Amino acid sequence: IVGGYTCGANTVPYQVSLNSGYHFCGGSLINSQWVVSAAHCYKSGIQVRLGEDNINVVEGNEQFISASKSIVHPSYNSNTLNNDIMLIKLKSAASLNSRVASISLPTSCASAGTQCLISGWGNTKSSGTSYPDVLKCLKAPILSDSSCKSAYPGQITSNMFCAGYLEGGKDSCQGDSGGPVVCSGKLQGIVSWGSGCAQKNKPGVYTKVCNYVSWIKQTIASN
Ligand SMILES: NC1CCCCCC1
Ligand SMILES: [Ca+2]
């Protein structure tokens with residue numbers, strides 16, 4: 001997260017870190033045994049880490065649970081990043097509490113102008129590299145479809161939205177991939193892609209979760 005703030009320990013209780021020897025992606029806990037992330041975060045050997053703040057120190061509220069399976073969206077295209085969504089099932093159910101909690105799926109899509117919370121352990125620099133150990137947060141509005149399409153001609157599908165600031169300076173970045181965009185207590189987006197981070201007229205692009213609610217529910221119900 002570039003141009004954000006330190007969230008505070010366990011203030012984003014649905015935020016997970018995906019770890020394969022190291023943090024490589026964010027995710028969102030949607031019930032006791034399932035996490036939603038980006039399809040471009042797919043890999044084998046995933047351990048889901050819940051209750052994290054400092055991802056380099058065991059602080060006492062963590063639960064470490066290996067994934068039993070991952071399900072990438074059937075229509076995910078890794079070239080265009082259309083349908084950039086994946087479900088991860090935990091080998092055992094997480095113990096839910098104030099610091100480890102699921103985030104509700106949307107019942108309807110969020111509109112341009114809606115204020116959202118974006119979070120993750122990604123790069124905090126727009127040029128060069130610095131990775132924070134503690135969770136970073138960014139408050140950012142959803143942008144209009146027209147401004148999103150104007151920013152990224154030929155690349156924005158009906159399964160994507162832009163959020164952030166056309167002036168730059170505030171954005172998600174490398175390592176935030178797969179993490180949450182939460183608006184009015186609902187998971188509306190997944191950190192997906194962008195051209196660099198925090199660059200003028202290149203806001204972050206996010207997977208439009210409301211389009212996938214039926215798929216998520218049905219997949220969970222049979223897996
Ligand atoms: N805003 C994006 C975050 C996802 C990873 C690519 C970097 C820029
Ligand atoms: Ca920790």
Side-chain angles (χ1 to χ4, degrees), residues 1-4 6-13 15-19 21-28 36-43 47-65 76 78-82 84-86 94 99-100 116-143 148 151-152 155-156 160-181 189-209:
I1 302 288
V2 179
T6 297
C7 305
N10 311 115
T11 57
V12 187
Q15 172 84 53
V16 311
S17 169
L18 305 183
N19 183 290
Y22 47 87
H23 169 89
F24 69 89
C25 270
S28 301
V36 175
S37 188
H40 78 87
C41 292
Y42 166 76
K43 62 161 71 183
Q47 186 183 61
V48 178
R49 300 196 156 202
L50 309 208
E52 287 280 16
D53 187 42
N54 189 316
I55 53 169
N56 273 146
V57 179
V58 176
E59 298 183 292
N61 291 299
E62 299 91 346
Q63 297 174 49
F64 298 164
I65 306 176
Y76 171 59
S78 55
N79 295 145
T80 62
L81 297 184
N82 199 24
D84 191 11
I85 185 166
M86 173 186 50
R99 297 183 170 82
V100 177
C116 306
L117 180 70
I118 309 170
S119 52
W121 288 277
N123 193 0
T124 60
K125 307 276 198 169
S126 56
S127 290
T129 302
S130 182
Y131 285 81
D133 303 292
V134 296
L135 189 65
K136 295 286 178 170
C137 276
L138 176 62
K139 289 184 178 182
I142 296 177
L143 302 179
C148 190
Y152 293 104
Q155 300 196 262
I156 305 302
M160 301 171 189
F161 69 91
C162 288
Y165 300 90
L166 297 180
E167 65 262 41
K170 291 169 155 187
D171 203 358
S172 54
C173 202
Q174 296 102 40
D176 292 318
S177 286
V181 183
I190 297 165
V191 183
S192 185
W193 68 274
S195 181
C197 320
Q199 304 300 115
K200 188 175 174 187
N201 294 123
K202 296 293 182 181
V205 190
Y206 300 91
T207 309
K208 190 170 179 170
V209 173

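Both counts, for ligands and for their atoms, begin at 1 and track the order of listing. The figures that follow rest on heavy atoms only: side chains count, while hydrogens, waters and symmetry mates do not. Residue indices begin at 1 and follow the sequence shown.
Within the 3.5 Å criterion, the main-chain N or O of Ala39 finds a donor-acceptor partner in the side chain of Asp84. At least one donor-acceptor pair closer than 3.5 Å links the side chain of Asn19 to the backbone N or O of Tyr22. Judged by distance alone, the side chain of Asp176 and the main-chain N or O of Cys173 form a donor-acceptor pair under 3.5 Å.
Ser78 and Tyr42 form no side-chain donor-acceptor contact under 3.5 Å, judged by distance and modelled atom types alone. Neither side chain, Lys136 nor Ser119, offers a donor N or O lying under 3.5 Å from an acceptor on the other. Counted by atom type alone, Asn123 and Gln174 present one or more donor-acceptor pairs between their side chains at under 3.5 Å.
Annotation: cation-pi pair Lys208/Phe161 absent, no NZ/CZ under 6.0 Å from the ring centroid and within 45° of its normal.
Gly196 O, 3.3 Å is the protein heavy atom nearest to atom 8 (C) of ligand 1. The single protein non-hydrogen atom nearest to atom 5 (C) of ligand 1 is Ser177 OG, 3.5 Å, given as residue, atom name and distance.
Atoms of ligand 1 found under 4.0 Å from any heavy atom of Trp193, numbered from 1 in the order shown, are 1 (N), 2 (C). Residue-ligand proximity, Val191 to ligand 1, at heavy-atom distances under 4.0 Å covers atoms 3 (C), 4 (C).
Ligand 1 is never approached by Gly175 to a heavy-atom distance shorter than 4.0 Å. The closest approach between a heavy atom of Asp176 and any atom of ligand 1 is not below 4.0 Å.
Counting heavy atoms under 4.0 Å from ligand 1, residue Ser172 touches it through both backbone and side chain. Under 4.0 Å from ligand 1, not a single heavy atom of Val205 appears.
Aromatic pair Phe24/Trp121: ring centres not closer than 6.0 Å.
At least one N, O or S atom of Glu62, from either the backbone or the side chain, sits less than 3.0 Å from the Ca ion (ligand 2). In summary, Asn54 places an N/O/S atom under 3.0 Å from the Ca ion (ligand 2), meeting the contact criterion.
Annotation: angle subtended at the Ca ion (ligand 2) by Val57 O and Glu52 OE1 is 160°, to 10°.
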